[PDB]
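Accompanying notes for the structure given below.
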There are 4 protein chains.
Amino acid sequence: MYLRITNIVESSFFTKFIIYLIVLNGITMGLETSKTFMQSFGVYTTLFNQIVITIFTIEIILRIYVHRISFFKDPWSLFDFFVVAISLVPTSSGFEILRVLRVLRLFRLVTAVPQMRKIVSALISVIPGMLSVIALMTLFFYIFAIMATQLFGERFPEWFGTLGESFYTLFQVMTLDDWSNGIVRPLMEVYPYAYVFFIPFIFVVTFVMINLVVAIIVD
Amino acid sequence: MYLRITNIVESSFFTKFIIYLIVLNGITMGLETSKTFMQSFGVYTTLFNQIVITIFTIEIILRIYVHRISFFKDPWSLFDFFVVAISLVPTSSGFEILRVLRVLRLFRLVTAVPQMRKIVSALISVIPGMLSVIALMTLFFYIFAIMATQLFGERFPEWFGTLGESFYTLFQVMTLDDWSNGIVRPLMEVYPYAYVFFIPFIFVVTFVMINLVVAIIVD
Amino acid sequence: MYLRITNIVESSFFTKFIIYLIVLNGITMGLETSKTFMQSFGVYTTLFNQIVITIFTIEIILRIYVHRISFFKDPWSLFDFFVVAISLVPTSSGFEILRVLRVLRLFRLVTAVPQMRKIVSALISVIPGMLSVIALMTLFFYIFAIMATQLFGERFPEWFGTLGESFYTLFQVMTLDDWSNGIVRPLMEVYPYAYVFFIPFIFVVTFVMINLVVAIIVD
Amino acid sequence: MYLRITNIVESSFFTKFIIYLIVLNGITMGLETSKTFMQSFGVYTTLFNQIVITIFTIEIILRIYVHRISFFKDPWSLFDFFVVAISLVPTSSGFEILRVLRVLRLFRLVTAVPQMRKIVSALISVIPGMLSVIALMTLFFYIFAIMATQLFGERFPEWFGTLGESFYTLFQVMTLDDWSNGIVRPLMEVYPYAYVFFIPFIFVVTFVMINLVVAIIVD
Ligand SMILES: CCOC(=O)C1=C(COCCN)NC(C)=C(C(=O)OC)[C@@H]1c1ccccc1Cl
Ligand SMILES: [Ca+2]
Ligand SMILES: [Ca+2]
């Protein structure tokens, strides 16, 4: 049982079969967005979907029989598992949010094609070093979202009315998005000195980012 | 036998000759953007344009005989062929869009000047290195684009009603252009949790951009 | 007395205890954001503040005795002093900015954690080589803030009414924030040549920044 | 006697005297922005301004006598001569824009301190290596500005009606400033395929700039 399977799963037909299906699922998945296509030829796709989800599910079980415990020490394999799991509950009508996360199964093309798997991997490896600067900036953000809710949330509740809202606005400013004519200049109509909160915030927030990148470059 | 033409063309005089026609036409084409000038100089420049396309056409024909199979495997010359081809498509044969693409021919100044070529050659050379990333990025856009249409299209048809539109909106968010007050904030009036899609989207797409750029540096 | 006091403050138990308090007071400050909660539990936390600021007050007092004159040559410790001291000025005195400046004590997580201390010094470390670039820019900004105020402050007071105002708008244009549809297209309606001011300005300002970034890498 | 003066100009008292002066005139021109100041002390500052303009004209006369033809191959002095000349043309009888140009002499602070001069030369020095890329791109803009005037200048004159207008708008898109909700979405209400034009453009202009920064950094 273990032995007949092992020769199937590692073959250039098993992975090729699965990979071809991903590209197919992904083209049909574009089509599922058209309400035109749905009326005449979409009953076709809902079941096509269910064949692939079964085909992937069987594939995963086999790979877990073959690789056993070493399956769940593979981040790429773990991804495939969790991506195919949540992608298994039928549309049902219990809820709608779970239905749209399903498209994430096109990210299997990344797990299974080697050129792509390494860039992603190369990219992730930049992150562990940055995890200090991220934490720092979040604490920095945190100290500042608190300053902002209390300072501006009474006259500008949409922007700063809530800790959450304050973070959101604070993120926006960092990306420099309609930040002045759009947020600070109004803020300044009530609170003329709001510029003492946001220009420092901007220098700092931008300084750290540039240096986060320099440290990326050098490292 | 008929070397002599082959001799004729390669002349140092000849080459800067076709360059001088480019620079003159490039100037005259700017002038054609002015309403004043074309009325009282139009036939002079509608004529001057017809001459140049012909000489360029004969120039293209001659160069083929000398190089044979090699001509159509020269990147700079293939370009040369087609932007010349465009002006040979009839002016009243379809829409007037082809009349506008004629001005793509001023780029021959890029193909005809080695320092131009050198930058262009250098720049493109960056690209094969990035073919893996572009594939990744385009896959990522494609995936997040589908989710948008099924998540936001019916209440926001202009921005998300459709894949191409969703693509577009997502491309816009990636240029960080008015993304929050202009798109995501409205979205949040009806779909309060929209910050969960668009902010991760921002983090990821900004991230890949930043890091890839480093790669051009190290390489 | 001397060595016993010197021995608990330097202890690993003390600072962990203090840190835990920093982490607690910070979560608590996040809690004062839901005004449902604050009207329902705020008295517990307004004095919770006071005893937290008490313990921190003690630690500050001991460390000065323990390090004597060597305390006040330490930038990180000085900061702690000041960031706490501020919080000792009465919440009903001066004005209500002081109440908000109290949140900066949360920057002690950086002070009291050496991994954080690691990051910051590195960052701070890049500034001295930049001072020279910083100086030139500010003089540049200052001249143009003068030029802009005399030119546009009359018909456009919000933006250029005052040197301080032109300073703000120019920083805004620098961040490249809604600089065209939002500021200079309107200027150009009265002063059609306004582009001769802002576009050169942007070339310079954008140019210096890049090279500044380049300078950082090399430095 | 002999060139008694020649000894003095070099003297590290003469230069320091001018720098102290510029900074005074720089301080003066600032206060000239206060509408209130120009009442209370407006007469005092014109006096101060006229002496300085004279002293500087004198300082320029001496320096040319000493350096002769070598004065007019020093860019810094050439800049100084034309910057001093400007502040001397009559305040009336014509173009009062020139009344504003005379603030450019504040750029003398740079002129007389050999650090800023050093930085500026350092800065200027990266431009020739870039000059190539400036030419391709300018060529690219010129060609696309032409394309945009012919395609969108009819129904959208404010933005693209004139070549200069297409340049200005196109520069803006490049600066990525409010480009979708602000330019391309409107166009697209009339011309649905306008994204096939601007989106590649956006790719190209952004691709080039990033590789440009890279070329600066490695060397
Ligand atoms: C040239 C005078 O600028 C200042 O003194 C200001 C300071 C001095 O603080 C310097 C800290 N950056 N804070 C900053 C930052 C301001 C500014 O406008 O620049 C962005 C102001 C300002 C002054 C007068 C009228 C309005 C304003 Cl808003
Ligand atoms: Ca913006
Ligand atoms: Ca904007």
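Basis: the model, the stated rules and, where named, an outside source; none is laboratory data. Backbone-built Cβ (ideal geometry, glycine too); neighbour counts: all protein chains shown.
Among the listed residues B:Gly129, B:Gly182, B:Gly161, B:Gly153, identify the single one that is more than 30 Å from B:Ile60 (Cα to Cα) and within 16 Å of ligand 3 (Cβ to nearest atom).
Of B:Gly129, B:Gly182, B:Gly161, B:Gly153, the one residue that is more than 30 Å from B:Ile60 (Cα to Cα) and within 16 Å of ligand 3 (Cβ to nearest atom) is B:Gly182.
Which of the residues belonging to the range A:156-205 are acidic (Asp, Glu), over 24 Å from A:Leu136 (Cβ atoms) and within 14 Å of ligand 2 (Cβ to nearest atom)?
So in the range A:156-205, the residues acidic (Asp, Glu) come out as A:158, A:165, A:177-178, A:189.
Adding the requirement that they be over 24 Å from A:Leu136 (Cβ atoms) leaves A:158, A:178, A:189.
The answer is A:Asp178, and nothing else.
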**Message:** Give me the helices (runs of 4 or more DSSP H) completely within the range A:11-129, filtered to those with at least 3 residues that are under 25 Å from B:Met130 (Cβ atoms) and in contact (Cβ under 8 Å) with a residue 40 or more places away in the chain, ordered by residue number.
**Reply:** A:14-31, A:108-112
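Scan B:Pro192, B:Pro186, B:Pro157 and give me the residue that is over 22 Å from A:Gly182 (Cα atoms) and either among the β-branched types (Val, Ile, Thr) or over 27 Å from the mean Cα position of the chain (by Cα) (or both). Before you say what the answer is, go through the steps one by one.
Values: B:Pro192 fails: over 22 Å from A:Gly182 (Cα atoms); B:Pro186 fails: over 22 Å from A:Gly182 (Cα atoms).
When all the criteria are applied, what remains is B:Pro157.
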**Request:** Looking at (1) facing chain C (nearest Cβ under 9 Å); (2) surrounded by fewer than 17 Cβ atoms within 10 Å (Cβ to Cβ), find the lone condition where A:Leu163 falls short.
**Result:** (2)
**Close pairs from the range A:166-181: first within 16 Å of ligand 1 (Cβ to nearest atom), partner part of a helix (DSSP H, G or I), Cβ under 6 Å, at least 6 apart** = A:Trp179/A:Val173; A:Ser180/C:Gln172; A:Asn181/C:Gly182
**Request:** Exactly one condition in (1) of a type in the set (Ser, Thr, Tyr); (2) outside the structural domain of D:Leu3 (by CATH); (3) surrounded by 14 or more Cβ atoms within 10 Å (Cβ to Cβ) is not met by D:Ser87; state its number.
**Result:** (2)
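Being more than 23 Å from the chain's Cα centre (by Cα), assigned by CATH to the domain that holds A:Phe160 and among the β-branched types (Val, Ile, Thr) narrows it down to one residue among A:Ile143, A:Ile134, A:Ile55, A:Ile64; which is it? It would help to see each step written out before you state the result.
Numbers: A:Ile134 fails: more than 23 Å from the chain's Cα centre (by Cα); A:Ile55 fails: assigned by CATH to the domain that holds A:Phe160; A:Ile64 fails: assigned by CATH to the domain that holds A:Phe160.
Being more than 23 Å from the chain's Cα centre (by Cα), assigned by CATH to the domain that holds A:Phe160 and among the β-branched types (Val, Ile, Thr) holds for just one of A:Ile143, A:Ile134, A:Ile55, A:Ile64, which is A:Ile143.
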**Message:** Among the listed residues A:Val173, A:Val205, identify the single one that is within 16 Å of ligand 3 (Cβ to nearest atom), within 25 Å of the chain's Cα centre (by Cα) and β-branched (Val, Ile, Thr).
**Reply:** A:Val173
**Message:** Can you find a residue that is within 21 Å of B:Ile199 (Cα to Cα), crowded, with 17+ Cβ neighbours inside 10 Å, touching a residue at least 12 places away in the same chain (Cβ under 8 Å) and within 16 Å of ligand 1 (Cβ to nearest atom) anywhere in the range A:138-157?
**Reply:** no
**Message:** Out of D:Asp80, D:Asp74, I need the residue that is away from ligand 3 (no atom under 16 Å from the Cβ) and touching a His at 6+ places or on another chain (Cβ under 9 Å). Which one?
**Reply:** D:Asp74
**Asked** Can you spot a residue in the range A:117-132 that is aliphatic (A, V, I, L, M), farther than 30 Å from C:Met116 by Cβ and surrounded by 13 or more Cβ atoms within 10 Å (Cβ to Cβ)?
**Response** yes
**Filter pass, B:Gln50 being in the same structural domain as B:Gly26 (by CATH), polar (S, T, N, Q) and over 26 Å from the mean Cα position of the chain (by Cα)** = no
**Prompt:** Do you know which residues across the range D:166-219 are within 10 Å of chain B (Cβ to nearest Cβ), in a helix (DSSP H, G or I) and hydroxyl-bearing (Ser, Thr, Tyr)?
**Reply:** D:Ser166, D:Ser180, D:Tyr195, D:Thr206
